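Below sits a lone chain in structure tokens, taken as the form deposited in one PDB entry.
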């Protein structure tokens, strides 16, 4: 059964062929400044295992890695590329990434290792990484013979699977999406991750000191009001205090007990002074635990930067996600939380943070795909879309739209953009499911093209088995035929929503590629730091801001051409907070 390979003591020329499957193995989950434990190369001449201390000190091997004309096929090339960047080594010529190929073919398979990808093509001559390295505390790199066989089997699987994966991508009309969008993007994400974002840790620490004082004060008030100490962070002890001791109304349950979500608590505040204090304690506690202490824990001491990892192969809509830290959920809506952004600063003296965001990209994409005459006209006039939606839903003029009317319309728009259910919209607006349905009905009367689109896309999903985005990203929807109303309805909502969210993801990814090219052409030092779904964050010398003010929005706006314009807003300043 064993797979033959050369356990090489040195690099030879036959290992440096112009086409190879390459494995550069980084076992730590967070690959920043992490060890490379082994290397495997499979090519027309054979299968090879190399020790990294050897290969990575060999000038011929390093040249080969960096030579764009030497083509490599890999799985999760970004992990290898970043780990190699920390060692001062450039990885070029990666022409196929099996992780990104599998992700595009079917994001729902949850492919996160070579074995899982291989199984899509009935190839099982490779073990799952979890089986080799173990999990959790028991996780460890195995002895060399076991390690080397595993890496060689992964390389062999990649070597064999490239053709069938590319063939299926071609059949799906997704090969350009892989080769021209996701693969080039992977390189850009690697650069962003490696650059990192500078943190003003002293400022974070000062905030933490103040929060600790405020938390102690509120905490003690809560105990006084409760007539008893308890763990406020325990949903169980808190529920006992609120709903048994203090006898507050139970307005909502969880599957295991009493709900204490903020929405519920706000409704209970009139009955007892403890409630507003718990809400305040929660708010401060979230900041302290997640955005002060949690952030400080992942700052690299050598440079005071944080280096996120963008998971490019996870979400079902084509979005990225961000981990360790997550830099896509830093507070902004409320001022107390927004101040956390003062801690994210430029990495060089006399540089600034520049932030550019699409204005209503999801609803603009919807206008385009649905060809809804009224929605397209609204965006061609660059109307405030929530005010316009209120005018239409309520049949009033602009100067008759009250704040609460605009709020209801905005909630409907939020619902369309995220594909939430009537129940969800009812919750969000604190109204009956019945009234939520009525809102949706008025929306479709004013936007009949959107109605027709939603009908048609659900039918298309049922017929084809999947829906697609503008650039041919796919999502399979097997639950669309379910005889369970809730399950089916969830799938119908995903059919409606994925082309919206997913096409918006496609567009910003293309914009990132275009922007990186333009910055290089223009010889700017500006570079990308972060993407937050519909916005891009850069830093640059202060002397580049005026140019960026023209260049960045233009590139973002021109990434695709739709039936409506795209519009990008932008700001800059001395910290991320000030880039507003």
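Residue numbers count along the first chain shown, from 1. Take the two forms, find the largest set of C-alpha atoms that superpose within 1.5 Å, and that set is the rigid core.
Form deposited in another entry: not shown, discussed below.
With the core held fixed by superposition, the comparison between this form and the one not shown singles out 439 as the only member of 291, 439, 310, 358 whose CA moves by at least 2 angstroms.
Positional change of residue 387 between this form and the one not shown reaches 2 Å or more at the C-alpha, relative to the superposed core. With the core superposed, residue 404 shows a C-alpha displacement of at least 2 Å between this form and the one not shown. The two forms, fitted on the rigid core, differ between this form and the one not shown by less than 2 Å at the CA of residue 133.
A shift of at least 3 angstroms pushes the Cα atoms of residue 362 and residue 422 further from each other in that other deposited form than in the displayed structure. In comparison with the shown form, the Cα-Cα distance of residue 417 and residue 450 decreases by at least 3 angstroms in that other deposited form.
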